[PDB]
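Right, one structure below, let's go through it.
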Amino acid sequence: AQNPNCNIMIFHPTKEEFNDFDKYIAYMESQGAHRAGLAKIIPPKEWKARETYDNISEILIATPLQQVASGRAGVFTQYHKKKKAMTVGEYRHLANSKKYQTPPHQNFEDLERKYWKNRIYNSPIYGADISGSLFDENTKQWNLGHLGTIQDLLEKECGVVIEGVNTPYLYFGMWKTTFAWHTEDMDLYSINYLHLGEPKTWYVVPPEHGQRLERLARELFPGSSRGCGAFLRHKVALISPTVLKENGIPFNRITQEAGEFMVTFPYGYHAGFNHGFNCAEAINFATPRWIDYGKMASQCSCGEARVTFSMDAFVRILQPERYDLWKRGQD
Ligand SMILES: O=C(O)CNC(=O)C(=O)O
Ligand SMILES: [Mg+2]
Ligand code: NI
Ligand SMILES: [Zn+2]
């Protein structure tokens, strides 16, 4: 078995290897990358996502989200308070302000210590989940707006034609902006490209150990757990590396820098934080190997998780027994 300790793997494809996205994913999996839940892909030196980022300031962040925490430093939830719209240029200035900017630090490890010590005492503002793309239309390799769609993959594998679409999302971050512990919708893959700015630190639980994280989460968030049998689908709970280590939960960590891709694999729980002003682009995707994970994915039916139009068909076809209850949650 390849990668039996489930370490995060880092890949350096050549420009020739960067042509065929599906083939490269399957290569990485042949080497055991999926066992970690997360892999890093450094693009060939010849590649670029676009020519410059000099003209992005007029993108609108219609609903910036202030991430307010509750709990203790290593075990907390966050809720998202909606703020007034602002442009990317306005948000960048805000991220660089004395109130929100990255503190002085020695290295990524020192910054990580500071994040876990102090996150809860601040409420950073995240421009998340903005439909759109920063890839140039002429970028032909690993262009996250030109991937094969999940609907087409389901149709190729299973023969059933379904409605729905699959487009990317932009994320504008600042120091301490936080992504809570989650797997993707329908335990899909994700791919995330850090277009510019400061790093993003990731934490990940190997898919084979995801239920260990879930059991810890039910213990640490006991009211949430009574409310919903899949409350990590709400994407609000944080647990620090120190708490994970104290409870014996297998995990790994890695920092993504500008110009790098990360891939999350089916049922790979992940969480993390931004080091300073940045912009990322991410999208979900599928492969043949996903289908079985899609069929087994948990679902929130309490009403909190509320998701895209396109998840309907995935539930309806892959999980027809759950469909009725899940759809009640959506309506
Ligand atoms: O970058 C973020 O805030 C969150 N991204 C992801 O969870 C991802 O790409 O799957
Ligand atoms: Mg612009
Ligand atoms: Ni994710
Ligand atoms: Zn729920």
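The first residue of the sequence shown is numbered 1, and numbering continues consecutively from there.
Side chain to side chain, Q66 and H80 fail the donor-acceptor criterion of an N or O pair below 3.5 Å. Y189 and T264 share no donor-acceptor pair across their side chains, judged by distance under 3.5 Å alone. Checked by atom type, the side-chain pair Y269/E214 shows a donor-acceptor distance below 3.5 Å. For the 3.5 Å distance criterion, the side chains of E198 and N278 fail to qualify, holding no donor opposite an acceptor. There is a side-chain donor-acceptor pair under 3.5 Å between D187 and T183. In summary, the side chains of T201 and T255 do present a donor paired with an acceptor at a separation below 3.5 Å, with no hydrogens or angles considered. Side chains of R92 and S57: a donor on one and an acceptor on the other come within 3.5 Å. Donor-acceptor pairing under 3.5 Å is recorded for the side chains of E184 and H270. Defined by atom type and a distance below 3.5 Å, a donor-acceptor pair is missing between the side-chain atoms of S30 and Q2. With hydrogens and angles left out, the side-chain atoms of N284 and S190 include no donor and acceptor closer than 3.5 Å. Between the side chains of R119 and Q78, at least one donor N or O lies within less than 3.5 Å of an accepting N or O.
Not counting sequence neighbours, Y171 has no partner by the ring pair (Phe, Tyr, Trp, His ring centres under 6.0 Å) test. Shown here are the salt bridge (charged side-chain N to carboxylate O under 4.0 Å, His left out) partners of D152, two or more places apart in sequence or in another chain: there are none. Evaluation of the salt bridge (charged side-chain N to carboxylate O under 4.0 Å, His left out) rule for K235 yields no partner, not counting sequence neighbours.
Ion pairing between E112 and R253 holds under the 4.0 Å rule for side-chain N and carboxylate O. A salt bridge does not link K40 with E257: every distance from a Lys NZ or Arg NE/NH1/NH2 to an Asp or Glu carboxylate oxygen is 4.0 Å or more.
At a threshold of 4.5 Å between side-chain heavy atoms, the hydrophobic network of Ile, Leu, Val, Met, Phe, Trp and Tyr places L213 and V236 in two separate groups. The hydrophobic clustering, which links ILVMFWY residues whose side-chain heavy atoms are closer than 4.5 Å, places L170 and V165 apart.
The two atoms that bring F172 and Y91 nearest to each other are O-OH, 3.1 Å, heavy atoms only. In plain terms, the two heavy atoms of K114 and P104 that are nearest each other are CE-O, 3.4 Å. For the pair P206 and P250, the tightest heavy-atom approach, listed with the atom from each and the gap, is CD-O, 3.5 Å. Shown here for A305 and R233, the closest heavy-atom pair between the two residues is CB-O, 3.6 Å.
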From CA spacing to verdict: side-chain contact (heavy atoms from CB on, under 4.5 Å), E260, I41 = CA-CA 6 Å; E260 306 179 336; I41 310 92; over 6 Å; no
ask   = side-chain contact (heavy atoms from CB on, under 4.5 Å) between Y169 and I283: does it pass, once the steps are laid out?
value = CA-CA 6 Å; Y169 294 89; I283 197 177; 5.8 Å; no
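Using a 4.5 Å heavy-atom cutoff, the side chains of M174 and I125 are in contact. With contacts defined as side-chain heavy-atom distances shorter than 4.5 Å, the pair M311/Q299 qualifies. Using a 4.5 Å heavy-atom threshold, the side chains of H195 and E281 count as touching.
Remark: aromatic rings of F21 and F285 are close, center separation under 6.0 Å. Ring centers of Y267 and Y293: at least 6.0 Å apart, outside the cut-off. Ring pair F108/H275: centre-to-centre distance below 6.0 Å.
Counting only distance, with no hydrogens or angles, the side chain of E157 and the backbone of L154 share no donor-acceptor pair below 3.5 Å.
The environment of CD in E16 is crowded: more than 12 heavy-atom neighbours from other residues, nucleotides or ligands sit within 6.0 Å. Heavy atoms from other residues, nucleotides or ligands lying under 6.0 Å from CD of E155 number more than 12.
Through direct or indirect side-chain contacts shorter than 4.5 Å among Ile, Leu, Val, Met, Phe, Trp and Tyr, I8 is connected to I10, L38, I42, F179, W202, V204, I254, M262. Residue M296 is found outside any hydrophobic cluster, as its side-chain heavy atoms come under 4.5 Å of no other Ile, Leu, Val, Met, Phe, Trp or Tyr. Through direct or indirect side-chain contacts shorter than 4.5 Å among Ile, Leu, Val, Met, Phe, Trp and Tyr, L194 is connected to no other residue.
By the 30° and 60° cut-offs, the orientation of the rings of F18 relative to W47 is perpendicular. Aromatic ring orientation, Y24 versus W142: perpendicular (interplanar angle above 60°, classes split at 30° and 60°).
Rounded to the nearest 0.5 angstrom, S123 OG and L65 CG are separated by 12.5 Å.
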